[PDB]
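See below for the structure under consideration.
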Amino acid sequence: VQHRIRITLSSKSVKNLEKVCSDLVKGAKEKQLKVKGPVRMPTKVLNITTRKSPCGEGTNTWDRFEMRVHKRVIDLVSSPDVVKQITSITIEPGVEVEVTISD
Amino acid sequence: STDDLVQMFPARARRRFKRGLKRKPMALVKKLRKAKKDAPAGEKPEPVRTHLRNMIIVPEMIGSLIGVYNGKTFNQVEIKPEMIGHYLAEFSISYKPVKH
Amino acid sequence: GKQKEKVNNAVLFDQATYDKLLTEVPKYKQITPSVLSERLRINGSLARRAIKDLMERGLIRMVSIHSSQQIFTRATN
Amino acid sequence: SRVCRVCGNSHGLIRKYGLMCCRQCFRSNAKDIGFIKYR
Amino acid sequence: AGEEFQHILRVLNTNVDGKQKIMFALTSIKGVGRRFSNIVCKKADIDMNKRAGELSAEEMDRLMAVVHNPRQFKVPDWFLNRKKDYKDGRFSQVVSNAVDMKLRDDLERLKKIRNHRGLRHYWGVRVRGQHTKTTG
Amino acid sequence: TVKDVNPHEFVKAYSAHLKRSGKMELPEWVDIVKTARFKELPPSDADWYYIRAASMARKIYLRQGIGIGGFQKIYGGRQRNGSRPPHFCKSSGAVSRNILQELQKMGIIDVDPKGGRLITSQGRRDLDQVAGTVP
RNA sequence: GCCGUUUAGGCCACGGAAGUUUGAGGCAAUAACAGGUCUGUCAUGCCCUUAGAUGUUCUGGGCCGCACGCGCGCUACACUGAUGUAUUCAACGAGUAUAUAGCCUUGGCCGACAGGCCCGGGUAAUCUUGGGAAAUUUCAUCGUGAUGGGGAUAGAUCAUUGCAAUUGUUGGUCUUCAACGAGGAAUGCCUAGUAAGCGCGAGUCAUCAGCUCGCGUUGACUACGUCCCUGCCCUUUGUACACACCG
Ligand SMILES: [Mg+2]
Ligand SMILES: [Mg+2]
Ligand SMILES: [Mg+2]
Ligand SMILES: [Mg+2]
Ligand SMILES: [Mg+2]
Ligand SMILES: [Mg+2]
Ligand SMILES: [Mg+2]
Ligand SMILES: [Mg+2]
Ligand SMILES: [Mg+2]
Ligand SMILES: [Mg+2]
Ligand SMILES: [Mg+2]
Ligand SMILES: [Mg+2]
Ligand SMILES: [Mg+2]
Ligand SMILES: [Zn+2]
């Protein structure tokens, strides 16, 4: 009746992610569930360095572009329906919710 | 008996064969036999003017009059028994030696 | 000088360094490294780094060995 | 045999991460895609 | 003390130094590098910490025995500098004067061929594809 | 044990062990192979195989599950490309595999499930025995 | 604490992780340039062409050709070293259904290397990868010798990528062993984890990195000034300059 449910969240924005991440944890704290989280995984910075000029004249100057991607994990023990009851609240834009079942 | 020839050939040459020479060299090889048949008895055979420069010279080819194209001219070539293992490329210079 | 090309002259194994030369060479300061004497006594090394071993087998002069092929000497004490 | 998805040009192509844009179209659309100039 | 210590050795028309160690004295022969000289010093079973010149001649005869018959002392196929000859088909170890002899026979072949590399050799230009705006 | 002895004198002591401890086979190419693509000459010491063995059984004794494509990186190094910059090159896999196979054919190490190579109980035993005998 | 209208500030000092704005960047005014870009853009005015095409696509060649001058660089001229053992310490990143094993590839076997076959993991703090980097350290060999420094030029031969490797793609094996003896006049970058040394990643990419953009590792000499040279800002001054002293 109790599984091992892992919910993984990804985002480009720290705060919009952490709002939802805290909301899930507290929504599963009212049900006296075992919430082992949130676990923080190394920020992935996607980087592309590009020449500013379109024509290759002048000083060679570069601009470094970066996307920060953040990876949170929440652990739960429940049935998938109780969690689906919990992970049904209003989700901020840009947040990925990808609940699965670990072994 | 191509198989024991590939052993004689250098590594580039046998790797070329192991990849299965496609249609165009197969269309070119026939025309050498055809020219040899057309040639009068013990006479100079017809010129076989080719576009391909990446074909490798196989022992059958000895005796053909090939015209390997170098980009602008159809430069005629004659084959000797030492011409085995190279391409028809190295026999039509694509450039002109420089005199300043 | 040519003290690896000089490793096999008659002199080099007759008496040359076997107390015929290196009696004194350490003793100018009583103590001078064989690796120091490679140029003061112009004779260089490895006709000479294999004789500092022979004086060891012969019980004449103590040594230390380290990184850069540094070798040392002390005449008798 | 590999062009900019935005303009179909053949030079200065960015294939990293699966973008497949040329170095100028990527600059024009970098902010829209989400690439921020931090440092 | 090398009482018969030789300073010249005339091995194979190369005037070997008698003043050096063997594995670097025998490299003076045109066709033997440090690697092949090492293999010779091993298969003839020579103390390598021996100056060439302190040697005995019976050792020397074995040196020439291994160099003139590299295939015979089990020196492997890949080691030799004449793999799969084109004039004959053998795996040989060309030595001092035959290195130049064979080399000029190759470039002569390419010259008579009208090969690209033959003409590059004849013209004095570079033959291996390097750029030549500003090199030479 | 092995970590209380300097790893240079220990490898000297062990490579003298395998020598006078019975024998193992030795290929018929040991005197001719360079041990690395980037090397210039073969190993200078004729007794190098045993060194390479004694140095190498200490790798499995301090680690667990090391393949051959990891030993090649262990004993690889700097390759100079003449006029181009030097880079990192890996050594030859044939000697690396052969010494492990021989250690198997003496019972010092063994191949490991989950991949790799692991020190044996008896192979641990003799390594600490010889370690006990190093100054 | 001392100097200073004892203001704004400045120098010194205990403390402190830190006392140059703590270090390094990003961002960045008005006015301008006949600066570069019509070869990034189905961005664009006008002109030219528009079928026997300056359109498109195919095949082959060149863009790389070589008496020579120039610019950024890579390798060096050795012993504060080269070679061969032993020893072993990072960080930043990367991994398109990548066809039926496929991008990064562990593990096992064959092979001297190059490379190959098989069983597999990973869409990744999970597998490659604690990224087992080099310089460095260590013990030997060399011995002042264009030498075992240097590795150009070249022969033969093997393998790899790719539809195809020829004016050598690249990687291996043996052989060949050039100049180069620390560089004239000139000239560049640099003030602390900096210069310099060392290697690693990514971009390009089927294959090719001596480049560029990053990253760690080892880690100094000198100065803490000045306006002499090259310039820059503000004021006063002269002017027959205003396209402005290249007047
Ligand atoms: Mg270097
Ligand atoms: Mg600031
Ligand atoms: Mg434009
Ligand atoms: Mg074309
Ligand atoms: Mg530049
Ligand atoms: Mg060298
Ligand atoms: Mg070393
Ligand atoms: Mg290319
Ligand atoms: Mg790359
Ligand atoms: Mg470039
Ligand atoms: Mg006046
Ligand atoms: Mg006026
Ligand atoms: Mg004037
Ligand atoms: Zn574009």
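Going through the structure tokens in order, the chains are called A, B, and so on, while each chain numbers its residues from 1 and the ligands are numbered from 1 in the order shown.
Among all protein and nucleic acid residues, the ones that lie within 12 Å of ligand 4 when counting only C-alpha atoms (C1' of nucleotides) and all ligand atoms are residues 71 of chain B; 57, 58, 59, 60, 61 and 62 of chain G.
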Nearby polymer residues, ligand 10, at most 10 Å, only C-alpha atoms (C1' of nucleotides) and all ligand atoms, as a PDB file with N, CA, C and O atoms (P, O5', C5', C4', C3', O3' and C1' of nucleotides), in the first residue's frame:
ATOM      1  P     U G 204      30.068  22.901 -32.771  1.00  0.00           P
ATOM      2  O5'   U G 204      31.030  22.809 -34.033  1.00  0.00           O
ATOM      3  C5'   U G 204      31.162  23.902 -34.924  1.00  0.00           C
ATOM      4  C4'   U G 204      32.503  23.915 -35.609  1.00  0.00           C
ATOM      5  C3'   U G 204      32.879  22.691 -36.429  1.00  0.00           C
ATOM      6  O3'   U G 204      32.283  22.693 -37.718  1.00  0.00           O
ATOM      7  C1'   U G 204      34.753  23.525 -35.195  1.00  0.00           C
ATOM      8  P     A G 209      43.456  16.453 -34.397  1.00  0.00           P
ATOM      9  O5'   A G 209      43.580  18.041 -34.328  1.00  0.00           O
ATOM     10  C5'   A G 209      44.735  18.708 -34.826  1.00  0.00           C
ATOM     11  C4'   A G 209      45.045  19.978 -34.070  1.00  0.00           C
ATOM     12  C3'   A G 209      44.856  19.926 -32.553  1.00  0.00           C
ATOM     13  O3'   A G 209      45.847  20.749 -31.942  1.00  0.00           O
ATOM     14  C1'   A G 209      43.597  21.685 -33.427  1.00  0.00           C
ATOM     15  P     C G 211      48.470  27.098 -31.111  1.00  0.00           P
ATOM     16  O5'   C G 211      47.146  27.659 -31.780  1.00  0.00           O
ATOM     17  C5'   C G 211      47.191  28.755 -32.675  1.00  0.00           C
ATOM     18  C4'   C G 211      45.813  29.136 -33.140  1.00  0.00           C
ATOM     19  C3'   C G 211      44.884  29.696 -32.081  1.00  0.00           C
ATOM     20  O3'   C G 211      45.095  31.075 -31.864  1.00  0.00           O
ATOM     21  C1'   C G 211      43.746  28.065 -33.355  1.00  0.00           C
ATOM     22  P     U G 212      45.104  31.675 -30.381  1.00  0.00           P
ATOM     23  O5'   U G 212      43.568  31.762 -29.996  1.00  0.00           O
ATOM     24  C5'   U G 212      42.696  32.615 -30.711  1.00  0.00           C
ATOM     25  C4'   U G 212      41.265  32.220 -30.509  1.00  0.00           C
ATOM     26  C3'   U G 212      40.783  32.205 -29.076  1.00  0.00           C
ATOM     27  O3'   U G 212      40.444  33.496 -28.613  1.00  0.00           O
ATOM     28  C1'   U G 212      40.071  30.242 -30.173  1.00  0.00           C
TER      29        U G 212
END
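What separates atom CA of residue 69 of chain F from atom CA of residue 99 of chain F is a distance of 13.9 Å.
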### Query
Neighbours of ligand 2 within 9 Å, counting only C-alpha atoms (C1' of nucleotides) and all ligand atoms, as a ChimeraX atom specification?
/G:21,24-25
### Query
Mind checking DSSP for segment 7-75 of chain A and telling me the strand (DSSP E or B) residues as a PyMOL selection string?
chain A and resi 7-11+39-51+62-75
Please produce a file of those selected residues containing C-alpha atoms, as a PDB file, in the first residue's frame.
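The resulting file, part.pdb, is reproduced below:
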ATOM      1  CA  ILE A   7       9.236  13.264  -7.744  1.00  0.00           C
ATOM      2  CA  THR A   8      11.890  15.152  -9.701  1.00  0.00           C
ATOM      3  CA  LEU A   9      11.685  18.862 -10.495  1.00  0.00           C
ATOM      4  CA  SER A  10      13.723  20.849 -13.005  1.00  0.00           C
ATOM      5  CA  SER A  11      13.728  24.547 -13.737  1.00  0.00           C
ATOM      6  CA  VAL A  39      17.575  16.911  -2.407  1.00  0.00           C
ATOM      7  CA  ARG A  40      19.587  19.418  -4.441  1.00  0.00           C
ATOM      8  CA  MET A  41      21.599  18.325  -7.406  1.00  0.00           C
ATOM      9  CA  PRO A  42      24.516  20.240  -8.923  1.00  0.00           C
ATOM     10  CA  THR A  43      23.326  23.149 -11.002  1.00  0.00           C
ATOM     11  CA  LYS A  44      23.863  22.479 -14.685  1.00  0.00           C
ATOM     12  CA  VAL A  45      25.113  25.542 -16.540  1.00  0.00           C
ATOM     13  CA  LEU A  46      24.692  25.286 -20.299  1.00  0.00           C
ATOM     14  CA  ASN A  47      27.255  27.664 -21.761  1.00  0.00           C
ATOM     15  CA  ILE A  48      27.746  28.978 -25.288  1.00  0.00           C
ATOM     16  CA  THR A  49      30.414  31.551 -26.118  1.00  0.00           C
ATOM     17  CA  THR A  50      29.770  33.514 -29.286  1.00  0.00           C
ATOM     18  CA  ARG A  51      31.457  36.316 -31.171  1.00  0.00           C
ATOM     19  CA  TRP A  62      32.995  37.443 -27.081  1.00  0.00           C
ATOM     20  CA  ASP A  63      29.833  37.140 -25.054  1.00  0.00           C
ATOM     21  CA  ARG A  64      29.290  34.106 -22.849  1.00  0.00           C
ATOM     22  CA  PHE A  65      25.679  32.941 -22.629  1.00  0.00           C
ATOM     23  CA  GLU A  66      24.473  30.652 -19.869  1.00  0.00           C
ATOM     24  CA  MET A  67      21.350  28.744 -18.873  1.00  0.00           C
ATOM     25  CA  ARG A  68      21.244  27.562 -15.283  1.00  0.00           C
ATOM     26  CA  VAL A  69      19.167  24.410 -14.775  1.00  0.00           C
ATOM     27  CA  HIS A  70      18.294  23.253 -11.260  1.00  0.00           C
ATOM     28  CA  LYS A  71      17.370  19.704 -10.260  1.00  0.00           C
ATOM     29  CA  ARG A  72      15.397  18.978  -7.083  1.00  0.00           C
ATOM     30  CA  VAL A  73      14.183  15.608  -5.830  1.00  0.00           C
ATOM     31  CA  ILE A  74      11.496  14.787  -3.274  1.00  0.00           C
ATOM     32  CA  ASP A  75      11.047  11.309  -1.825  1.00  0.00           C
TER      33      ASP A  75
END
Using only C-alpha atoms, determine which residues of chain D fall within 7 Å of chain A; present them as an mmCIF file with N, CA and C atoms, in the first residue's frame.
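This is the output file selection_16.cif:
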data_model
loop_
_atom_site.group_PDB
_atom_site.id
_atom_site.type_symbol
_atom_site.label_atom_id
_atom_site.label_comp_id
_atom_site.auth_asym_id
_atom_site.auth_seq_id
_atom_site.Cartn_x
_atom_site.Cartn_y
_atom_site.Cartn_z
ATOM 1 N N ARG D 23 25.636 31.631 -35.733
ATOM 2 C CA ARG D 23 26.122 32.441 -34.622
ATOM 3 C C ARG D 23 25.464 33.806 -34.550
ATOM 4 N N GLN D 24 24.842 34.273 -35.626
ATOM 5 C CA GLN D 24 24.161 35.562 -35.609
ATOM 6 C C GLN D 24 22.678 35.445 -35.261
ATOM 7 N N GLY D 34 16.439 31.767 -23.844
ATOM 8 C CA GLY D 34 16.625 31.719 -22.408
ATOM 9 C C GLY D 34 18.069 31.791 -21.973
ATOM 10 N N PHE D 35 18.933 32.243 -22.867
ATOM 11 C CA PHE D 35 20.364 32.338 -22.605
ATOM 12 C C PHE D 35 20.679 33.740 -22.104
ATOM 13 N N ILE D 36 21.090 33.835 -20.851
ATOM 14 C CA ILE D 36 21.264 35.107 -20.162
ATOM 15 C C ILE D 36 22.740 35.458 -20.130
ATOM 16 N N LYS D 37 23.037 36.746 -20.263
ATOM 17 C CA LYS D 37 24.403 37.256 -20.193
ATOM 18 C C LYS D 37 24.678 37.684 -18.760
ATOM 19 N N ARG D 39 27.930 37.046 -17.059
ATOM 20 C CA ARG D 39 29.334 37.375 -16.887
ATOM 21 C C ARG D 39 30.042 37.200 -18.220
#
